[PDB]
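Residues per chain are reported as follows:
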Amino acid sequence: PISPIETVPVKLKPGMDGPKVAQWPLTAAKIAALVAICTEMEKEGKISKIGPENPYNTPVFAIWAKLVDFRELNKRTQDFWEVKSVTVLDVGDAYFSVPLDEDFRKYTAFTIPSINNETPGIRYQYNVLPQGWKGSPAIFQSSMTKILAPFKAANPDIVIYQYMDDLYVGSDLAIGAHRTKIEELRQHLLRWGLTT
């Protein structure tokens, strides 16, 4: 889903405009692939079609996994403040549940190419943290930290540590009472839109 957390305000570096990078033609398999991916993403509110008033563009590609090449956007984006039983929870896909600042969404515009240069191509922008964008790790870690604050309070007998994309949970609880804690954690995250 999309987490009910407030967005972090983000800006381009001073005197900078958004990227306008031309999209590489894609393999017909790749385009059909992206179209299915984006369709669900749109259905889920993760991305939105955009109008002629958005002039920006960043190249995407498929690998099916959609990949965005935010090289150019990353250069124009402000800097961020970069910061026994053990379970490692993969929260990599939970980026797509954290809202992206509304005023910044327009800079993430991308185009899925049209088959055979026929149609114009569908334009979308992100409503959530895109992967590979400069500020996602820092905004995600920060949001994750606020979401976990109440859980850590109630369970100070557990060490929750995040290396980006992974949540490391450790405790000296027996394998059963620890596994139960992992499950209470997963349900708490779920309350907040994050699925793990």
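Residues numbered from 1 in each chain as written, not as in the entry; some residues may be left out. Heavy atoms only, no water. Residues with missing side-chain atoms left out of burial classes, pairs and counts.

## Here's the deal with the packing of aromatic side chains
Under the definition given, this model contains 11 aromatic pairs. Taken together, a centroid distance of 5.0 Å and an interplanar angle of 70 degrees make the contact between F104 and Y107 edge-to-face. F104 sits in the buried class, given a relative accessible area of 0%. Where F110 meets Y124, the ring centres are 5.8 Å apart and the plane angle is 20 degrees; that geometry is what we call stacked. One end of the pair, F110, is in strand β5 (residues 110-112); the other, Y124, is in strand β6 (residues 122-126), and 14 residues separate them in sequence. Given the relative accessible area of 0%, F110 is considered buried. Clustering of aromatic rings is evident, with ring pairs tying together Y56, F80, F104, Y107 and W133. Directly above the aromatic system of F110 lies the positively charged group of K66, at a separation of 3.9 Å from the ring centroid. (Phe/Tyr/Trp six-rings, centres within 6.5 Å; stacked < 30°, edge-to-face > 60°. Buried < 20%, exposed > 50% of the residue type's maximum accessible area, 1.4 Å probe, protein only. Helix = DSSP H or I, 4+ residues; strand = E, 2+ residues; numbered from the N terminus. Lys NZ or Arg CZ within 6 Å of the ring centre and 35° of its normal.)

## Observations concerning the domain arrangement of the protein
Under the domain assignment, the protein is made up of domain 1 (1-83 + 96-139) and domain 2 (84-95 + 140-196). Measuring from the centre of the C-alpha atoms in domain 1 to the corresponding centre in domain 2 gives 28 Å. Taken together, the contact between domain 1 and domain 2 spans 15 residues of the former and 14 residues of the latter. Summed over both partners, the interface of domain 1 with domain 2 buries about 1200 Å², with 59% contributed by carbon and sulfur atoms. Considering only the side of domain 1, the residues that lose the most area to domain 2 are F96, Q131 and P137, jointly responsible for 32% of the buried surface there. Viewed at the interface, domain 2 and domain 1 are joined by 0 salt bridges. Connecting domain 1 to domain 2 are 14 residue pairs in polar contact. Among the residues forming the side of domain 1 that touches domain 2, the class breakdown is 11 nonpolar, 4 polar and no charged. (Domains from an automatic or database assignment. Contact = heavy atoms within 4.5 Å. Buried area = accessible area lost by both parts, 1.4 Å probe. Salt bridge = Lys/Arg side-chain N within 4 Å of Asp/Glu carboxyl O. Polar contact = N/O pair within 3.5 Å; in protein donor to acceptor, adjacent residues only side chain to side chain. Nonpolar A, V, L, I, M, F, W, Y, C, P; charged D, E, K, R; others polar.)

## Description of the pattern of salt bridges
Within this structure, the stated rule accounts for 10 salt bridges. The residue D172 makes a salt bridge to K84 at a minimum N-O spacing of 4.0 Å. Remark: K84 occurs in the loop between α2 (71-76) and β4 (85-90) and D172 occurs in the loop between β8 (166-171) and α4 (175-191); sequence separation between them is 88 residues. Overall, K84 belongs to the exposed group, its relative accessible area being 64%. For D157, the salt bridge identified is with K181, shortest N-O distance 3.4 Å. Here the residue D157 occupies a position in the loop between α3 (136-154) and β7 (159-163), and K181 occupies one in helix α4, the gap between them amounting to 24 residues. Classification of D157 as partly exposed rests on a relative accessible area of 45%. Residues joined in a network through salt bridges with shared partners are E72, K75 and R76.

## Side note on the side chain of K181
Residue class for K181 comes out buried when judged on its relative accessible area of 14%. In contact with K181, not counting residues within four places along its chain, are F151, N155, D157, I158 and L173.

## Structural notes on the sheet that holds β8
Adjacent strands of a sheet form backbone hydrogen bonds with each other and so pair up, either parallel or antiparallel. Overall, antiparallel pairing links the 3 strands, which are arranged β4-β8-β7 in an open sheet. The two strands at the open ends of the sheet, each matched to only one other strand, are β4 and β7. Sheet twist, expressed as the average angle between the axes of neighbouring strands with direction ignored, equals 20 degrees. As paired strands, β7 and β8 are joined by 5 bridges and run antiparallel to one another. Residue pairing across strands places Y161 opposite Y168, the latter belonging to β8. The strands touched by α3 are β7 and β8; relative to β7, the strand with the most contacts, the crossing angle is about 175 degrees. Taken strand by strand, α4 contacts β4, β7 and β8, and its axis lies near 25 degrees from that of β4. (Pairing = 2+ DSSP bridges. Axes fitted to C-alpha atoms, helices over the stretch in contact; angles between N-to-C directions.)

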